[PDB]
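Any value given below was found using the heavy atoms of this structure, including those in side chains, with hydrogens, waters and symmetry copies removed. Below, chains carry the letters A, B, ... as their sequence lines are ordered, and counting in each starts from 1.
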Amino acid sequence: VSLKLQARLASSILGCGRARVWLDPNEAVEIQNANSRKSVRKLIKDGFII
Amino acid sequence: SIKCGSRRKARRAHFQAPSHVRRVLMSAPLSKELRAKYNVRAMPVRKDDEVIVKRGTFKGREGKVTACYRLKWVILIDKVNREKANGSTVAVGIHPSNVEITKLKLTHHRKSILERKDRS
Amino acid sequence: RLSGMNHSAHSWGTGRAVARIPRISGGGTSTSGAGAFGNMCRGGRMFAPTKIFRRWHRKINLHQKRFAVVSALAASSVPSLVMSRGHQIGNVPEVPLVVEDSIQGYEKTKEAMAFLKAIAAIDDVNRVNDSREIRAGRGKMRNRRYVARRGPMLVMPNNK
Amino acid sequence: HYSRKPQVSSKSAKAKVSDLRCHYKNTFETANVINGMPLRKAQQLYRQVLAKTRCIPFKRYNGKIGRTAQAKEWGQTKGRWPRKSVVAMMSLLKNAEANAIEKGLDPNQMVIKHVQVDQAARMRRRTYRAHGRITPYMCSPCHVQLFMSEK
RNA sequence: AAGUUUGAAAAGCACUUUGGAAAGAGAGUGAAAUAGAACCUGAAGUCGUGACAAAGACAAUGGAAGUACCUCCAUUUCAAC
RNA sequence: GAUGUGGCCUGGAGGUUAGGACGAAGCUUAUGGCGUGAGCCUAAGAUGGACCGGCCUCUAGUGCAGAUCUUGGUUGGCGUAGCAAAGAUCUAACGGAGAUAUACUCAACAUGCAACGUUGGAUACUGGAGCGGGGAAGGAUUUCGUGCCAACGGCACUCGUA
RNA sequence: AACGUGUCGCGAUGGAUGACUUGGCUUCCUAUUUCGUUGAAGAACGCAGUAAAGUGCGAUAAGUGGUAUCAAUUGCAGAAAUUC
Ligand SMILES: [K+]
Ligand SMILES: [K+]
Ligand SMILES: [K+]
Ligand SMILES: [Mg+2]
Ligand SMILES: [Mg+2]
Ligand SMILES: [Mg+2]
Ligand SMILES: [Mg+2]
Ligand SMILES: [Mg+2]
Ligand SMILES: [Mg+2]
Ligand SMILES: [Mg+2]
Ligand SMILES: [Mg+2]
Ligand SMILES: [Mg+2]
Ligand SMILES: [Mg+2]
Ligand SMILES: [Mg+2]
Ligand SMILES: [Mg+2]
Ligand SMILES: [Mg+2]
Ligand SMILES: [Mg+2]
Ligand SMILES: [Mg+2]
Ligand SMILES: [Mg+2]
Ligand SMILES: [Mg+2]
Ligand SMILES: [Mg+2]
Ligand SMILES: [Mg+2]
Ligand SMILES: [Mg+2]
Ligand SMILES: [Mg+2]
Ligand SMILES: [Mg+2]
Ligand SMILES: [Mg+2]
Ligand SMILES: [Mg+2]
Ligand SMILES: [Mg+2]
Ligand SMILES: [Mg+2]
Ligand SMILES: [Mg+2]
Ligand SMILES: [Mg+2]
Ligand SMILES: [Mg+2]
Ligand code: NA
C-alpha cells in the first residue's frame, strides 16, 4: 500500500520535513485508512506517526 | 419531383430529403381490396398500419407497423424480428416498398388524404 | 485557372541535395516543402491546362450539308444498306415504306402500337427495346446511364 | 486462419498472438528453436534460457552479436538470452497447452509442429539528432502462431 | 492529411475454456467473418513458414545448345488405326 | 532524323453486335495458344461480388526505368551505432498477475530470470549564489483525490506533469 | 553442416487497382435579386435531459409565433389526433 498522502499530510501537520516523519512500518492498514488531516492527527495522537 | 436529368441532383435530393419528403417516399401499395374500396394505389405508411411483406426473406409475414423510422428508410413491424446473440428479440427493418398495406389506420387527416388521392 | 497554383511555392535551389522543383513554403504540416506547381507534382497544375476557347464547334459548307442529307436519304431507300446498318426490315412491305397520313389522327399509344405491328415496323422497335441496358464506363455516372439501339424514324408532314 | 494446416485437427492444439510488442527478430529466434520439439522439452528449454544455462541460437538476425559457448549445442557460435521473448513464448505455450487440455488431449504427448513469427504493424516514435534533425525511433512488434499435434 | 466503401439487415460474435488483461481456443450470426469494425476488392515491393531444387570459391544476372528431374498444360493417338 | 502501318494499347462519344448471379470489371500464374513485335485470347483461382467485351467511326488530361523527378509505402545497413557530464544505491517487510510458475528421474543449487511502488532501517548527495522556500514574464489546469496502464515519460514502472 | 540462394503452396506487412460518388470544375438560363448607425460584415461568449467538435440558435438561446402539412423524433431517456 502507498502512503504518500498520509506522509505528506503528516509533514504538513507536524511542521517538519518528510525525513522527520516516522510512519509505523506496522499499522500500514491503520495509516492507509486515514485520508484527512483530522485522521492523521488522530494517528499522530495514537503514536502511529511520530 | 426528385427524379431529374442530373443523377447527382436526384440522389442528393433523395438522401438529404426532409422528414415529410421522406414520409412521401416511404409509401407502400394498398391491397387489392383497399384499392377497390378507396380507388387509391398507394399510401405513405403509418404507425399502427397492418402490412404484409411481399419481397425479401420475410415475404408472407404479416404484422402491424410499430415504427416508421424515416432515418434508416425502414419500417419496423411487430411480427418481423430475430434474436440476437443474447437471445433477446430485435426488430428487423423493411423498406416500405417491399410490403403491402392491408388495413389502414384511419384519421380525419388521413381520410382527407385518401379523398385527395382517389382516382374516381 | 488557379487549380494547381494557389501556393507561395519557391524552389530551394541547389546545395540542399534535393530536386530543384518549387516547394510549398512554411512548416507544421505534411505539405511543407512538398514540391509544387509542376505537372509531375502531387498537388500541382496539369500540363497545358484546358481552356474554354478551344474550338468546340464546326462550320460546314451549306452545300456539303445538303449533299450529306441527300446521300443519307438516297441510302435509306436501298434495303441492302438498311439491313447492313442493323435494322430488321424482314417483314416490311416495301422500301421506302410509305403509309397513309391518317396515322396523325391517333390519340392513344395503343393505336400507334397497332399501326406499327400492322406495318411490320414492330421488329425494329422490339430490337431497340431488347437492346436497352446500363451503359459501360464513366457515362453511367454522367447522366447517360442507359443505352439502346436506334429504331425506325417516322417522318411527319408537319408538327402535328 | 493459420498458414499451415495440422495433419489431424482433432489431435492438434493451436495458439496465436498478434502485435506482441516484443522485438520481432528476438522472438523470431526464440520461437524458431522450439519447432519440432515436444512441448515439455520446449518449456524446459525456456526455463533454462531464463536461468542462463542454455541459450537461444541466433540465426539470420545475429549481425555483430556476441559469441557464446552455449550456442555449440545448436551448431552455432552466436546466441543470446532474450527474456521478454522467452516469457511471451512461455505464455503462448501455456495457452496452447490449455487449448490441448480443453480439447481432451494429453499435454505430455504434444509435439510442436508449426511455428511462424511474422512482423506486425510498427509503432512510431522519434529520436532527436544533432543539428535539429528528427529521426524515426520505431518499434517492431510481431505476430506469432503455432500449433502442436499429439503423437 | 483523411471516402467511417462491414453487411441486404448489427443479425456487431451470447455462452464455455486458458489468460491479470490484451487476446487465444471453441461455439454462434451471416450466403459469405482472410465481410469482425474507421472491417468492399486487396496489387506490387519486402518479410515468415512448409515442401522441394540444388549449389564451392568464377559477384550475380544474361545468350545459345543440349541434358537430368518435374509439370494441377496444350495437343495427337490408341488397332485392319 | 523523316515517313508508313485494315499496326498494338488506354479513358470517354456516336453507331452496331454481344456477354453477366450457372458470376462483370479488378487481381494472381511452371497457363497454355497465337503474333517478328507492341500485344491478344483461352485455362485455373480452393479470387472477386456487379457490371461489361468485340467491330466501324468520333474524341483526348491516351502508353514510363531513370528527370540529385512528385507523393505514399517498403527496404539492406541492423538487433548495428549507440542510450557513458550532473558520484548511489543496499536491505527487510508489505502490495502487485508480474512467482518460489518444472512431463517422467527427483532434497534443495545446477530448469521462472529480470524488473517494479510504499513503509522502516542503512548509506550517500544537494550544501543557503541549494534537485530549499516564495514571485514577475511565459505557460494555463500541469494543482488535489480516486481509479487506471492501451499509447506516452527514447530502460522500466504497480509510478506519473500520462 | 550452418549461413545464404532459388521455385512452389500458404500466411504477414502494405493499401495500389477496379467498381461506386450527397464532391469538384466548366457552360447556360430565370428575377417586384444587392448589406449597414432602425447598428452591417466580421470577432467573442453562451444555449440540449444527455452535447467535445460541427450545425442551428441568442438569457424566449439545437429555438417562441404563424401558415401549410398529417404522426413522429430517435443513441438512450422523457412526453404522447379537427385548429387547440
Ligand atoms: K421495392
Ligand atoms: K505482396
Ligand atoms: K534447361
Ligand atoms: Mg402512381
Ligand atoms: Mg490538382
Ligand atoms: Mg472500366
Ligand atoms: Mg561493436
Ligand atoms: Mg559483437
Ligand atoms: Mg539525440
Ligand atoms: Mg534545436
Ligand atoms: Mg488527399
Ligand atoms: Mg451456417
Ligand atoms: Mg476472400
Ligand atoms: Mg478487406
Ligand atoms: Mg531513330
Ligand atoms: Mg480522360
Ligand atoms: Mg514464377
Ligand atoms: Mg499526360
Ligand atoms: Mg510507374
Ligand atoms: Mg532493417
Ligand atoms: Mg552495442
Ligand atoms: Mg551503457
Ligand atoms: Mg555517447
Ligand atoms: Mg552519470
Ligand atoms: Mg524471482
Ligand atoms: Mg554526507
Ligand atoms: Mg559534489
Ligand atoms: Mg556534501
Ligand atoms: Mg534554489
Ligand atoms: Mg520507455
Ligand atoms: Mg458543443
Ligand atoms: Mg430577454
Ligand atoms: Na514463400
Asker: If we only count heavy atoms from C-beta on, is the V65(B) to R46(B) side-chain gap below 4.5 Å?
Answerer: no

Asker: Applying a 3.5 Å limit to both distances, which nucleotide forms a Watson-Crick or G-U wobble pair with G87(F)?
Answerer: none

Asker: When the P atoms of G63(E) and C78(E) are compared, how many Å lie between them, rounded to an integer?
Answerer: 40 Å

Asker: Please check the phosphate of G48(E) (OP1 and OP2 only) for any side-chain N or O of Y61(D) closer than 4.0 Å.
Answerer: yes

Asker: Mind telling me if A101(F) is north or south by its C1'-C2'-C3'-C4' torsion?
Answerer: south

Asker: 5'-most contact on RNA chain F: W22(A) or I134(C), nearest heavy atom basis?
Answerer: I134(C)

Asker: For the nucleotides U38(G) and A25(F), establish whether a Watson-Crick or G-U wobble pair is present, both distances being less than 3.5 Å.
Answerer: no

Asker: Out of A25(E), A14(E), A103(F), which has the shortest distance to the side chain of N99(D)?
Answerer: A25(E)

Asker: Check whether any side-chain heavy atom of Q76(D) lies under 4.5 Å from a side-chain heavy atom of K59(D), and answer yes or no.
Answerer: yes

Asker: Would you call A25(E) and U16(E) a Watson-Crick or G-U wobble pair if both distances must be under 3.5 Å?
Answerer: yes

Asker: Indicate whether OP1 or OP2 belonging to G79(F) is found under 4.0 Å from a side-chain N or O atom of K25(D).
Answerer: yes

Asker: Any side-chain N or O of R12(B) under 4.0 Å from OP1/OP2 of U22(G)?
Answerer: no

Asker: I'd like the P distance from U71(F) over to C40(E), given in whole Å.
Answerer: 28 Å

Asker: Determine whether a donor-acceptor pair (one donor, one acceptor, N or O, separation below 3.5 Å) exists between the side chain of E133(C) and the base of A18(F).
Answerer: yes

Asker: What I want to find out is whether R40(D) reaches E97(D) closely enough, with some N-O distance under 4.0 Å, to be called a salt bridge.
Answerer: yes

Asker: From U80(F), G61(F), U68(F), pick the nucleotide closest to the side chain of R20(C)?
Answerer: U68(F)

Asker: Rounded to whole angstrom, note down the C1' distance from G79(F) over to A88(F).
Answerer: 31 Å

Asker: Quick test of your reading of the model: are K11(D) and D106(D) salt-bridged, counting only N-O distances below 4.0 Å?
Answerer: no

Asker: Hey, is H109(B) doing a stacking thing with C70(G), by the 5.5 Å centroid and 30° angle criteria?
Answerer: yes

Asker: Categorize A15(D) for me: base, sugar-phosphate, or nothing, with a 4.0 angstrom heavy-atom threshold over every strand shown.
Answerer: sugar-phosphate

Asker: Return no unless some side-chain N or O of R144(C) is found under 4.0 Å from OP1 or OP2 of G14(F).
Answerer: no

Asker: Report yes or no: is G63(F) base-paired to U123(F) (Watson-Crick or G-U wobble, both distances under 3.5 Å)?
Answerer: no

Asker: Give a yes/no on whether any side-chain N or O of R135(C) is located under 4.0 angstrom from OP1 or OP2 of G14(F).
Answerer: yes

Asker: What interatomic distance, in whole Å, is found between P of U141(F) and the corresponding atom of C45(G)?
Answerer: 15 Å

Asker: Is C45(G) paired with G58(G), either Watson-Crick or G-U wobble, both distances below 3.5 Å?
Answerer: yes

Asker: Record whether the side chain of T50(C) comes under 3.5 Å of the base of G61(F) through a donor-acceptor pair of N or O atoms.
Answerer: no

Asker: Can you find a side chain N or O atom of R21(D) that sits less than 4.0 Å from OP1 or OP2 on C149(F)?
Answerer: no

Asker: Whether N108(D) contacts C104(F) is assessed here as follows: a side-chain N or O lying under 4.0 Å from the phosphate OP1 or OP2. Is that the case?
Answerer: no

Asker: Under a 3.5 Å limit for both distances, which nucleotide forms a Watson-Crick or G-U wobble pair with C3(G), could you say?
Answerer: none

Asker: Across all strands shown, which nucleotide pairs with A80(G) by Watson-Crick or G-U wobble geometry, both distances under 3.5 Å?
Answerer: none

Asker: Can you say whether a donor on the side chain of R47(D) sits under 3.5 Å from an acceptor on the base of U111(F), or the other way round?
Answerer: yes

Asker: Can we call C25(G) and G3(E) a base pair, counting Watson-Crick and G-U wobble only and needing both distances under 3.5 Å?
Answerer: no

Asker: If I pick the P atom on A43(E) and the same atom on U74(F), what distance separates them, to the nearest angstrom?
Answerer: 16 Å

Asker: Using the torsion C1'-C2'-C3'-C4', state whether the ribose or deoxyribose of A88(F) falls on the north (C3'-endo) or south (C2'-endo) side.
Answerer: south

Asker: Using purine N1 to pyrimidine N3 plus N6-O4 or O6-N4 for Watson-Crick, or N1-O2 and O6-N3 for G-U wobble, both under 3.5 Å, which nucleotide pairs with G48(E)?
Answerer: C10(G)

Asker: The side chain of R125(D) lies closest to which of these nucleotides: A71(G), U34(E), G154(F)?
Answerer: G154(F)

Asker: Under 3.5 Å for both donor-acceptor distances, Watson-Crick or wobble: does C40(F) have a partner, and if so which one?
Answerer: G33(F)

Asker: Does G23(G) have OP1 or OP2 under 4.0 Å away from a side-chain N or O of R8(B)?
Answerer: yes

Asker: Say we look at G35(F) and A44(F): how far apart would their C1' atoms be, to the nearest angstrom?
Answerer: 24 Å

Asker: Below 30° counts as parallel, above 60° as perpendicular, anything between as tilted: where do the rings of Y24(D) and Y61(D) land?
Answerer: perpendicular

Asker: Could you check whether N95(D) and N99(D), counting side-chain N and O atoms only, form a donor-acceptor pair closer than 3.5 Å?
Answerer: yes

Asker: Quick one, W81(D) with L50(D), criterion side-chain contact (heavy atoms from CB on, under 4.5 Å). Give me CA distance, side-chain angles, the key distance, then yes/no.
Answerer: CA-CA 7 Å; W81(D) 300 264; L50(D) 284 190; over 6 Å; no

Asker: List, with names and distances, any nitrogen or oxygen atoms from the protein found under 3.5 Å away from nitrogen or oxygen atoms belonging to nucleotides 22-27 of chain F.
Answerer:
none

Asker: Distance under 6.0 Å and angle within 45° of the ring axis: does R135(C) meet both against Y146(C)?
Answerer: no

Asker: Using Watson-Crick or G-U wobble geometry with both distances below 3.5 Å, tell me the partner of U67(E), or none.
Answerer: none

Asker: Counting only side-chain N and O atoms of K47(B), is one of them less than 4.0 Å from OP1 or OP2 of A72(G)?
Answerer: yes

Asker: Which nucleotide in the set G11(G), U17(F), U119(F) lies at the smallest distance from any side-chain heavy atom of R149(C)?
Answerer: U17(F)

Asker: Would you check if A136(F) and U68(F) are a Watson-Crick or G-U wobble pair, both distances kept under 3.5 Å?
Answerer: no

Asker: Answer with yes or no whether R126(D) presents, from its side chain, a donor or acceptor under 3.5 Å of a partner atom in the base of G154(F).
Answerer: no

Asker: Expressed as a whole number of Å, how far does the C1' atom of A25(F) sit from that of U41(E)?
Answerer: 11 Å

Asker: Please check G153(F) against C159(F): Watson-Crick or G-U wobble, both distances under 3.5 Å.
Answerer: yes

Asker: Could you work out which one of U118(F), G112(F), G48(E) sits closest to the side chain of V87(D)?
Answerer: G112(F)

Asker: Determine the Euclidean distance between corresponding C1' atoms of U123(F) and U89(F); express it in Å to zero decimal places.
Answerer: 8 Å

Asker: Please tell me which of the listed nucleotides, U21(G), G11(G), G112(F), lies nearest to the side chain of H1(D)?
Answerer: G11(G)

Asker: Would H114(D) pass as stacked on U49(E), i.e. its ring centre under 5.5 Å from the base's six-membered ring centre and planes under 30° apart?
Answerer: no

Asker: Report the nucleotide, chosen from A10(E), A9(E), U118(F), that has the shortest atom-to-atom distance to any side-chain atom of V92(B).
Answerer: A9(E)

Asker: Within the pair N81(B) and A11(E), is there a side-chain N or O less than 4.0 Å away from OP1 or OP2?
Answerer: no

Asker: According to the interplanar angle, ranging from 0 to 90°, do the rings of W73(B) and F15(B) count as parallel (below 30°), tilted (30 to 60°) or perpendicular (above 60°)?
Answerer: perpendicular

Asker: Just name whichever nucleotide pairs with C39(E), Watson-Crick or G-U, keeping both distances under 3.5 Å, else none.
Answerer: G12(E)

Asker: Provide the Watson-Crick or G-U wobble partner of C148(F), both distances under 3.5 Å; none if there is no partner.
Answerer: none

Asker: Taking a pair to be Watson-Crick or G-U wobble with both distances under 3.5 Å, do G117(F) and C94(F) qualify?
Answerer: yes

Asker: What's the closest nucleotide to the side chain of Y137(D) if the choices are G154(F), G24(E), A1(E)?
Answerer: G154(F)

Asker: Should the pair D124(C)-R127(C) be classified as a salt bridge under the 4.0 Å nitrogen-to-oxygen rule?
Answerer: yes

Asker: The side chain of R18(A) lies closest to which of these nucleotides: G24(E), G53(F), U119(F)?
Answerer: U119(F)

